[PDB]
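For ligands, and for the atoms within them, numbers begin at 1 and follow the listed sequence. By convention in this document, chain letters (A, B, ...) are assigned in the order of the sequence lines, proteins followed by strands, and residues within each chain are numbered from 1. All values below were derived from every heavy atom in this structure, side-chain atoms included, with hydrogens, water molecules and symmetry-related copies excluded.
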2 protein chains.
Amino acid sequence: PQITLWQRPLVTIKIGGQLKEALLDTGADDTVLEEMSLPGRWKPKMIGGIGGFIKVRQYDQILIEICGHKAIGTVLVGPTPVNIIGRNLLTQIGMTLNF
Amino acid sequence: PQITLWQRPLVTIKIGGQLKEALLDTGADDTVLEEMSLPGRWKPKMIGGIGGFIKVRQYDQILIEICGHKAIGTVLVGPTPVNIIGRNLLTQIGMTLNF
Ligand SMILES: COc1ccc(S(=O)(=O)N(CC(C)C)C[C@@H](O)[C@H](Cc2ccc(OCP(=O)(O)O)cc2)NC(=O)O[C@H]2CO[C@H]3OCC[C@H]32)cc1
């Protein structure tokens, strides 16, 4: 499928058996999601954004479906304006930029 | 052509007679560049992301050459840690996400 950019590339993701809305973000190295519960232990990570740095909880090998495509990777959880799918997962679903 | 997401999709833009490196960002509604002078009138604006908000100056109808494409759009100028090419400009050059 092809997604244009006239509107925000908001897609439905499934994580922990629940559907959520997330933004396909090519400007994000990592995937950052709003507060939620995830299994296992988490490690600390400091990530920088447009307004500065924040602290997030890093969970690895988390199953997450993005537009029906199954991925298994790192998911950071913390104070983000919206759920964002970064390059770590965009690459897993074979997404690229084309012009 | 096709642009992989294995690394940050960085490109060289031309604006106001200066060469800058910028990030092709589908997660950015608008294009945001580090401090620089631009002609015309501007409006103060506040934009937010990870880490909070930053104040910027909004310039409209700005010409920017990118990937061999001369495109016009709004440019936000402020203390952004990285130069960002947002959807407002990405659409003009016919860039799309594909999987
Ligand atoms: C209205 O117009 C707007 C234009 C742009 C923004 S934004 O930038 O907040 N942001 C919007 C969305 C996250 C809410 C666009 C993102 O793609 C942002 C872009 C970005 C910001 C900073 C940055 O440098 C961080 P440093 O290296 O620590 O100095 C790089 C990219 N990426 C980002 O927040 O990535 C995070 C998720 O992994 C990480 O990848 C790099 C930033 C860390 C909001 C509004």
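Those atoms of ligand 1 that come under 4.0 Å of a heavy atom in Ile50(A), given as number and element, are 8 (O), 9 (O), 21 (C), 22 (C). Per-residue contacts place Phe53(A) under 4.0 angstrom from the following atoms of ligand 1 (heavy atoms of the residue considered): 28 (O). Proximity to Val32(B) (heavy-atom distance under 4.0 Å) selects the following atoms of ligand 1: 4 (C).
In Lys70(A), the NZ atom is not crowded: 12 or fewer heavy atoms of neighbouring residues, nucleotides or ligands sit closer than 6.0 Å.
Rounding to the nearest 0.5 angstrom, the gap separating the CD1 atom in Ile66(A) from the CD1 atom in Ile93(A) is 4.5 Å. Once rounded to the nearest 0.5 Å, the distance linking CG of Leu89(A) with CD of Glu65(A) reads 12.5 Å.
Inclusion of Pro81(B) in the set of residues having an N or O under 3.5 Å from an N or O of ligand 1 is not warranted.
Only the side chain of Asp25(A) comes within 4.0 Å of ligand 1, judged by heavy-atom distances. In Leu23(A), neither the side chain nor the backbone holds a heavy atom less than 4.0 Å from any atom of ligand 1.
The side-chain contact (heavy atoms from CB on, under 4.5 Å) test with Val32(B) singles out one residue from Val77(B), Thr80(B), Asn83(B), and that residue is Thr80(B). Checking each of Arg57(B), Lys55(B), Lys20(B) against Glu35(B) for a salt bridge (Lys or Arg N to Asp or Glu O under 4.0 Å) leaves exactly one that passes, namely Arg57(B).
Of the protein's heavy atoms, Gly27(B) O, 3.8 Å lies nearest to atom 12 (C) of ligand 1. Of all protein heavy atoms, the one closest to atom 2 (O) of ligand 1 is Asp30(B) N, 3.2 Å. With hydrogens left out, the protein atom closest to atom 23 (C) of ligand 1 is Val82(B) CG1, 3.5 Å, a heavy atom.
Residue contacts with ligand 1 do not include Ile47(A), since none of its heavy atoms lies under 4.0 Å from the ligand. Taking a 4.0 Å cut-off on heavy atoms, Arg8(B) registers as neighbouring ligand 1.
When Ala28(A), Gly48(B), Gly49(B), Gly86(A) are ranked by how near their heavy atoms come to atom 45 (C) of ligand 1, first place goes to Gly48(B). When the heavy atoms of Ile84(A), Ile85(B), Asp29(B) are ranked by distance to atom 3 (C) of ligand 1, first place goes to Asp29(B).
The minimum heavy-atom distance between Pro79(A) and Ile54(A), with the atom names listed, is O-CD1, 3.5 Å.
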Tell me, with the steps shown, if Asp30(B) and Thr74(B) meet side-chain hydrogen bond (donor to acceptor under 3.5 Å, both in side chains). CA-CA 7 Å; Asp30(B) 288 288; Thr74(B) 290; 5.0 Å; no
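No salt bridge links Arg87(A) with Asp25(A); every basic N to acidic carboxylate O contact stays at or beyond 4.0 Å. Of the charged side-chain nitrogens involved, none lies within less than 4.0 Å of a carboxylate oxygen, so that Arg8(A) and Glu21(A) do not count as a salt-bridged pair.
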